[PDB]
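**Student:** Data: final-v5.cif, mmCIF, C-alpha atoms.
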data_work
#
loop_
_atom_site.group_PDB
_atom_site.id
_atom_site.type_symbol
_atom_site.label_atom_id
_atom_site.label_comp_id
_atom_site.auth_asym_id
_atom_site.auth_seq_id
_atom_site.Cartn_x
_atom_site.Cartn_y
_atom_site.Cartn_z
ATOM 1 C CA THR A 250 10.569 -6.644 10.733
ATOM 2 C CA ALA A 251 6.809 -7.193 10.466
ATOM 3 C CA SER A 252 6.023 -9.269 7.379
ATOM 4 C CA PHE A 253 2.443 -9.923 8.548
ATOM 5 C CA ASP A 254 -0.343 -7.889 10.123
ATOM 6 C CA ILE A 255 -0.491 -7.951 13.928
ATOM 7 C CA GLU A 256 -4.165 -8.136 14.919
ATOM 8 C CA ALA A 257 -5.683 -8.480 18.390
ATOM 9 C CA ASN A 258 -9.245 -7.652 19.560
ATOM 10 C CA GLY A 259 -10.104 -5.813 16.336
ATOM 11 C CA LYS A 260 -7.442 -3.116 16.787
ATOM 12 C CA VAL A 261 -4.656 -2.565 14.249
ATOM 13 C CA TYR A 262 -1.169 -2.049 15.704
ATOM 14 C CA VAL A 263 1.463 -2.650 12.988
ATOM 15 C CA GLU A 264 0.465 -3.030 9.342
ATOM 16 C CA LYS A 265 2.148 -5.299 6.803
ATOM 17 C CA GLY A 266 5.614 -4.229 5.706
ATOM 18 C CA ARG A 267 6.113 -1.740 8.551
ATOM 19 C CA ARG A 268 9.213 -1.390 10.709
ATOM 20 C CA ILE A 269 8.909 -1.817 14.472
ATOM 21 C CA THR A 270 9.710 1.420 16.313
ATOM 22 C CA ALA A 271 9.969 1.798 20.111
ATOM 23 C CA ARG A 272 6.762 3.873 20.090
ATOM 24 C CA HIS A 273 4.942 0.760 18.854
ATOM 25 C CA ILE A 274 6.711 -1.195 21.612
ATOM 26 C CA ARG A 275 5.424 1.310 24.187
ATOM 27 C CA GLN A 276 1.936 0.976 22.679
ATOM 28 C CA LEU A 277 2.229 -2.809 23.065
ATOM 29 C CA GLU A 278 3.250 -2.278 26.701
ATOM 30 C CA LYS A 279 0.279 0.038 27.288
ATOM 31 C CA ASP A 280 -2.182 -2.317 25.563
ATOM 32 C CA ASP A 281 -1.400 -5.394 27.759
ATOM 33 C CA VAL A 282 -2.085 -8.074 25.135
ATOM 34 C CA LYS A 283 -0.411 -11.469 24.631
ATOM 35 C CA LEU A 284 -2.461 -13.180 21.889
ATOM 36 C CA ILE A 285 -2.371 -12.127 18.226
ATOM 37 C CA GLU A 286 -3.237 -13.776 14.898
ATOM 38 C CA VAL A 287 -0.464 -15.367 12.816
ATOM 39 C CA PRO A 288 -0.836 -16.967 9.339
ATOM 40 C CA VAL A 289 0.376 -20.407 8.287
ATOM 41 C CA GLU A 290 3.463 -19.263 6.332
ATOM 42 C CA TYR A 291 5.160 -17.915 9.486
ATOM 43 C CA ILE A 292 5.023 -21.258 11.334
ATOM 44 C CA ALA A 293 7.252 -23.150 8.861
ATOM 45 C CA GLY A 294 10.250 -20.941 9.699
ATOM 46 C CA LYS A 295 10.350 -22.037 13.343
ATOM 47 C CA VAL A 296 12.278 -24.944 14.875
ATOM 48 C CA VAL A 297 10.575 -27.517 17.097
ATOM 49 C CA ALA A 298 11.976 -28.157 20.589
ATOM 50 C CA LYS A 299 10.916 -31.635 21.756
ATOM 51 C CA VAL B 1027 24.043 4.104 -13.469
ATOM 52 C CA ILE B 1028 24.299 6.746 -16.211
ATOM 53 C CA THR B 1029 22.465 6.529 -19.531
ATOM 54 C CA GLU B 1030 23.791 7.594 -22.926
ATOM 55 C CA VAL B 1031 20.447 8.513 -24.547
ATOM 56 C CA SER B 1032 17.433 10.486 -23.335
ATOM 57 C CA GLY B 1033 13.908 9.199 -23.767
ATOM 58 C CA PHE B 1034 10.884 7.550 -22.224
ATOM 59 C CA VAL B 1035 11.540 5.086 -19.393
ATOM 60 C CA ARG B 1036 9.395 1.948 -19.157
ATOM 61 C CA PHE B 1037 9.216 -0.813 -16.549
ATOM 62 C CA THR B 1038 9.852 -4.280 -18.000
ATOM 63 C CA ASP B 1039 9.604 -7.433 -15.828
ATOM 64 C CA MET B 1040 8.877 -5.510 -12.612
ATOM 65 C CA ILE B 1041 6.030 -6.865 -10.463
ATOM 66 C CA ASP B 1042 5.334 -5.685 -6.922
ATOM 67 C CA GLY B 1043 5.628 -8.032 -3.960
ATOM 68 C CA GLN B 1044 8.119 -10.501 -5.476
ATOM 69 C CA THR B 1045 11.228 -8.770 -6.872
ATOM 70 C CA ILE B 1046 10.736 -5.160 -5.685
ATOM 71 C CA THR B 1047 9.832 -3.839 -2.225
ATOM 72 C CA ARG B 1048 8.078 -0.469 -1.884
ATOM 73 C CA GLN B 1049 8.970 0.883 1.566
ATOM 74 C CA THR B 1050 7.908 4.233 3.029
ATOM 75 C CA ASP B 1051 10.543 6.008 5.107
ATOM 76 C CA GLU B 1052 9.399 7.987 8.150
ATOM 77 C CA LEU B 1053 10.916 11.184 6.753
ATOM 78 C CA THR B 1054 8.858 12.973 4.111
ATOM 79 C CA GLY B 1055 11.803 13.312 1.727
ATOM 80 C CA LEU B 1056 12.465 9.611 1.103
ATOM 81 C CA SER B 1057 9.830 7.525 -0.705
ATOM 82 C CA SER B 1058 11.791 5.167 -2.955
ATOM 83 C CA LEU B 1059 11.572 1.678 -4.443
ATOM 84 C CA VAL B 1060 14.055 -1.056 -3.473
ATOM 85 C CA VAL B 1061 14.957 -4.000 -5.717
ATOM 86 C CA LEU B 1062 15.155 -7.306 -3.846
ATOM 87 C CA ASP B 1063 18.320 -9.400 -4.018
ATOM 88 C CA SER B 1064 18.188 -12.684 -5.951
ATOM 89 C CA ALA B 1065 19.094 -14.866 -2.935
ATOM 90 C CA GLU B 1066 16.354 -14.384 -0.316
ATOM 91 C CA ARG B 1067 13.557 -14.293 -2.913
ATOM 92 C CA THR B 1068 10.900 -16.967 -3.383
ATOM 93 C CA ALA B 1069 11.095 -19.975 -5.696
ATOM 94 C CA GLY B 1070 8.616 -18.521 -8.203
ATOM 95 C CA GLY B 1071 10.822 -15.639 -9.322
ATOM 96 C CA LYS B 1072 14.299 -17.089 -9.838
ATOM 97 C CA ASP B 1073 14.393 -16.218 -13.556
ATOM 98 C CA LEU B 1074 12.549 -12.886 -13.192
ATOM 99 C CA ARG B 1075 15.156 -10.134 -13.583
#
Let's see the structure in the file written out as structure tokens.
**Tutor:**
Amino acid sequence: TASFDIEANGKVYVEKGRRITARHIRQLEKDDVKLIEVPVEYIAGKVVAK
Amino acid sequence: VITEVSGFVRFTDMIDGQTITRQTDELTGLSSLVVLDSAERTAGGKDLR
């Protein structure tokens, strides 16, 4: 699920609280982007590697 | 859940974003409100029922 807003280059792709459908996945394939904006509250749920 | 009396319904201790999730289904028929379970909620709403 998408708990945060996915933003890249001023264009809105998936809003907050929206489910990810394969049409949005195909839009992400057609957009060719690899850098979005992520808030601070999402980082604390990850696990460090080294 | 079935009620025994008929009258006005009011929302008591229901705030959006913490204990209830308002999701929009892709079909036009379903637009309903879901009550969040008391396990995966935040620490600020443990006593809010």
**Student:** Could you state the separation of CA of residue 1040 (chain B) and CA of residue 253 (chain A) in Å, given to one decimal place?
**Tutor:** 22.6 Å
**Student:** Place a sphere of radius 12 Å on (2.9, -15.1, 8.6) in the file coordinates and name every protein, DNA or RNA residue with an atom inside or on its surface, counting only C-alpha atoms; give the answer as number ranges by chain.
**Tutor:** A: 250-256, 265-266, 285-295
**Student:** Figure out the distance between CA of residue 1075 (chain B) and CA of residue 1034 (chain B), please, to one decimal in Å.
**Tutor:**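 These two atoms are separated by 20.1 Å.
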**Student:** Could you tell me which residues the PyMOL selection byres ((chain B and resi 1049) around 7) returns for this structure, as an MDAnalysis selection string?
**Tutor:** chainID B and resid 1047:1048 1050:1051 1058:1059
**Student:** To test your reading of the syntax: which residues would the PyMOL selection byres ((chain A and resi 282) around 12) return for the file shown? Reply as a VMD selection string.
**Tutor:** chain A and resid 255 to 258 260 262 274 276 to 281 283 to 286
**Student:** Put those residues in a file: C-alpha atoms, as a short mmCIF file (atom, residue, chain, number, x, y, z; two decimals), in the frame of the given file.
**Tutor:**
data_model
loop_
_atom_site.label_atom_id
_atom_site.label_comp_id
_atom_site.auth_asym_id
_atom_site.auth_seq_id
_atom_site.Cartn_x
_atom_site.Cartn_y
_atom_site.Cartn_z
CA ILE A 255 -0.49 -7.95 13.93
CA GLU A 256 -4.16 -8.14 14.92
CA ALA A 257 -5.68 -8.48 18.39
CA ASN A 258 -9.24 -7.65 19.56
CA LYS A 260 -7.44 -3.12 16.79
CA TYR A 262 -1.17 -2.05 15.70
CA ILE A 274 6.71 -1.20 21.61
CA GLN A 276 1.94 0.98 22.68
CA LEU A 277 2.23 -2.81 23.06
CA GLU A 278 3.25 -2.28 26.70
CA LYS A 279 0.28 0.04 27.29
CA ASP A 280 -2.18 -2.32 25.56
CA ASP A 281 -1.40 -5.39 27.76
CA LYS A 283 -0.41 -11.47 24.63
CA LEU A 284 -2.46 -13.18 21.89
CA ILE A 285 -2.37 -12.13 18.23
CA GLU A 286 -3.24 -13.78 14.90
#
**Student:** Pull out every residue that the PyMOL selection byres ((chain B and resi 1039) around 12) matches in the shown coordinates and put them as a VMD selection string.
**Tutor:** chain B and resid 1036 to 1038 1040 to 1042 1044 to 1046 1061 1071 1073 to 1075
**Student:** Can those selected residues be exported to a file as a short mmCIF file (atom, residue, chain, number, x, y, z; two decimals), in the frame of the given file so that it contains C-alpha atoms?
**Tutor:**
data_model
loop_
_atom_site.label_atom_id
_atom_site.label_comp_id
_atom_site.auth_asym_id
_atom_site.auth_seq_id
_atom_site.Cartn_x
_atom_site.Cartn_y
_atom_site.Cartn_z
CA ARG B 1036 9.40 1.95 -19.16
CA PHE B 1037 9.22 -0.81 -16.55
CA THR B 1038 9.85 -4.28 -18.00
CA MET B 1040 8.88 -5.51 -12.61
CA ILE B 1041 6.03 -6.86 -10.46
CA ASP B 1042 5.33 -5.68 -6.92
CA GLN B 1044 8.12 -10.50 -5.48
CA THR B 1045 11.23 -8.77 -6.87
CA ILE B 1046 10.74 -5.16 -5.68
CA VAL B 1061 14.96 -4.00 -5.72
CA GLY B 1071 10.82 -15.64 -9.32
CA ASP B 1073 14.39 -16.22 -13.56
CA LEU B 1074 12.55 -12.89 -13.19
CA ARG B 1075 15.16 -10.13 -13.58
#
**Student:** When distances are computed from only C-alpha atoms, which of A:268, A:275, A:297, A:261 shows the smallest separation from chain B?
**Tutor:**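 Of all the options, A:268 lies closest to chain B.
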**Student:** Go ahead and compute the interatomic distance for CA of residue 259 (chain A) and CA of residue 271 (chain A), in Å to one decimal.
**Tutor:**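 Going from CA of residue 259 (chain A) over to CA of residue 271 (chain A) covers 21.8 Å.
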**Student:** Would you give the centre and edge lengths, in Å to one decimal, of a box along x, y and z around the listed atoms of region 253-271 of chain A, with 8 Å added to each side, as JSON?
**Tutor:**
{"center_x": -0.1, "center_y": -4.1, "center_z": 12.9, "size_x": 36.1, "size_y": 27.7, "size_z": 30.4}
